[PDB]
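Take a look at this one chain, the form deposited in one PDB entry, written out in structure tokens.
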């Protein structure tokens, strides 16, 4: 699994640009910043731009890491208690812009209007409110047609080196019979809540909600398939024994191949949501302000494909 370790000169250049930008624009609420994102990402060190582009175009790896960023722990400040009510942007603005810059290189930043006030940059930290743990891995929003194409995970801090799980598909473990079956529309994948704590917009998912259609788990090339796998929300008709058998074998190949990948401070982990499932590992949280803190941006390759679920042309928020 390829990775890129920045030089101090690269790390410094990245840090500098990140601060120059964090002072030129007020927030992501500025339309001009979202507009300038690709031009702005072009000022990043060439080696970093080239590394990401090769990852994008190779379409071979489920994840990659850019390591060795300079995240100013003094400036960033303590790990917050909650995301809500908290005024944006904070002192970690520079780090969020970086993740936004990387997103502009892979495609387009987008978010969920009902997820974290619809912030384009997501917070990942321990909260006592939302506090025998099961080890679950998944494709992000596997049911959704407009699910992320990439996930960007930038580690602001991870003092106890708490790993992220990430698993890819090994095709040589599956039979040609199972592969073909998985390519066919024989599986139900349930939606997810995120409700509470415009006629044509909401009535779009009402095909997946009312009718409940069957889709495939593998797609794309049959020699090197993409996948949509969330075992918790996956259903197979009882009478379809071939699909149940093939889904079982797919689960077993993916579960047994799960890797543990640590996003340490200064790392940015890139996950291909079509080639890799991922998950979280349970950990003891301190709540003092020194806890593990990651930021998260969802990337869509095709902004316009989700138009019908978006309030206007301009907004990058779905729902």
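By rigid core we mean the largest C-alpha set that fits within 1.5 Å across both forms. Shifts are known only where both forms have a C-alpha. Residue numbers count along the first chain shown, from 1.
What comes next is about the form deposited in another entry, which is not displayed.
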Displaced residue between the shown form and the other one, judged on C-alpha after the rigid core is fitted, out of 243, 124, 99, 208 (threshold 2 Å or more)
208
Closer or farther in that other deposited form, the Cα atoms of residue 211 and residue 143, when the shift from this form is 3 Å or more:
closer
Closer or farther: how do the Cα atoms of residue 205 and residue 251 compare in that other deposited form relative to this form, given a change of at least 3 Å?
farther
Give me the residue ranges between the shown form and the other one where at least 3 consecutive Cα atoms each move 2 Å or more, fitting on the core only.
200-212
